[PDB]
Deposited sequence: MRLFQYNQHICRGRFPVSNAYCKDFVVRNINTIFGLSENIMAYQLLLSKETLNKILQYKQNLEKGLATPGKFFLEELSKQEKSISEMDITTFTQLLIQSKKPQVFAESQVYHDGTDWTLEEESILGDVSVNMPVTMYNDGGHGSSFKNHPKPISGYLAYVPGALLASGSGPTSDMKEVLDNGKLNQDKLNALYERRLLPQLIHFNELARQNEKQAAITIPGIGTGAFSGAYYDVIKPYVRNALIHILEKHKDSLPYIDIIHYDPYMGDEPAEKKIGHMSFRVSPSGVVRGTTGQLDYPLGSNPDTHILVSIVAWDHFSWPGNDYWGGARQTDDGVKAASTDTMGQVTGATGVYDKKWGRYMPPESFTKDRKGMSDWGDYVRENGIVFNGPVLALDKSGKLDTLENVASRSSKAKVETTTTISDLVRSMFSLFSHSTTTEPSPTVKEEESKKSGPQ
């Protein structure tokens, strides 16, 4: 396929523990995990760990509202499955068709941009039922803890940072990375109006702890819509910029080169606020160009890279619409994956203790 999935070392420990728990009869899979396992000929003990994580990632449905529709028990996904799924991020090269503006504020690129998306699921502090695994991880008697949140966002973001550092290294360029207000939307739940500085501080901490591990990540353009002061900051060699699109107008778009970068000197990379249980598109699999996930997945060829089909870009609606062969006969991309039986499974790697992406079995040794 055209995408790749990265997980952290601690995520691989999570996976190892869950697999050796399922082998010992010590735990029980969730419903969707079981449905994906049933199609597999092998048992839990027969497959290697890579096939295990692949079948667990395949349990994701194209369109899910994790802030309400998930029970976190056995009905859909057990809590161990959730703590593993939230740490899995997926990157892919994309053709950015507009600047990534929300609603009808998007501006079409006259010559489309070649860049990279990195869907990373933010902290889930919202649910329609019981507590989430992230709620238990980062909350201390309902009080938000900045240290645990830093650890979480590092676990989930550092593999993609390493990957795109290596990509810029191989491209004879540096990396310009745009980051949105990840987890500051519905995922924040009751913490909607306190989470913005927590996310900003988590990002600054990740960057300053690994400034030397990321030699070729040069510009980092971080944009929550509001709730934060505009600022520039030096972190070793990299320039970290907080530029709220709602506060300071004229800010470069999420799918646009930040100030000081251009396709000859930087590769364009955009972190996309993902969730624990949907495909890279989420809302746009249902047809909606809404939320960060949906706007970015719709303004790029994400659906092409995930389904392998060649869609058409509608300039009026700023959309990556399904292929003509399908659309000529309101039918979105989830309709395509349902009608063509397309699944979500790809190559997976983990971040070594040394700091090198490698296969799951290799680093597990």
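*Asks:* In sequence order, which parts of the deposited sequence are missing C-alpha coordinates?
*Replies:* Going by the record, the segments left unmodelled (no C-alpha atoms) fall at 1 to 40, 370 to 372, 409 to 455.
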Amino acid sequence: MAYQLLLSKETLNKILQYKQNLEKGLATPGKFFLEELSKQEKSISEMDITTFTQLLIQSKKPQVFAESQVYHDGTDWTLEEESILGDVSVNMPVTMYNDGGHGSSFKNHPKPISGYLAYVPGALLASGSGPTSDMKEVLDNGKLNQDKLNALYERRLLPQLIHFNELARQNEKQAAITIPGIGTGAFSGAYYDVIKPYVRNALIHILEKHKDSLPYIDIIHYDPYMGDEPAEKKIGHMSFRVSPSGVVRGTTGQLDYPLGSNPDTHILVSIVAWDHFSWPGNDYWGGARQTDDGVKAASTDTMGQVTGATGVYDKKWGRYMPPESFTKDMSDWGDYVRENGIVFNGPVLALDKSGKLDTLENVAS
From here on, numbers count along this sequence of modelled residues.
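*Asks:* If you average the CA temperature factors as listed in the entry, which stretch comes out higher, 197 to 205 or 73 to 81?
*Replies:* On average, C-alpha B-factors are higher across 73 to 81.
*Asks:* For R319, return the chain-relative third of its C-alpha B-factor as stated in the PDB record: lowest, middle or highest.
*Replies:* Middle third - that is where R319 ends up once the chain's C-alpha B-factors are sorted.
*Asks:* Please place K39 in the lowest, middle or highest third of its chain by C-alpha B factor as given in the entry.
*Replies:* It falls in the top third of the chain.
*Asks:* Where does the C-alpha B-factor of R241 rank in its chain, lowest, middle or highest third?
*Replies:* Within its chain, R241 is a lowest-third residue by C-alpha B-factor, going by the deposited values.
*Asks:* For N282, return the chain-relative third of its C-alpha B-factor as stated in the PDB record: lowest, middle or highest.
*Replies:* Middle third - that is where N282 ends up once the chain's C-alpha B-factors are sorted.
*Asks:* Within this chain, which third does the Cα B-factor at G142 fall in: lowest, middle or highest?
*Replies:* It falls in the top third of the chain.
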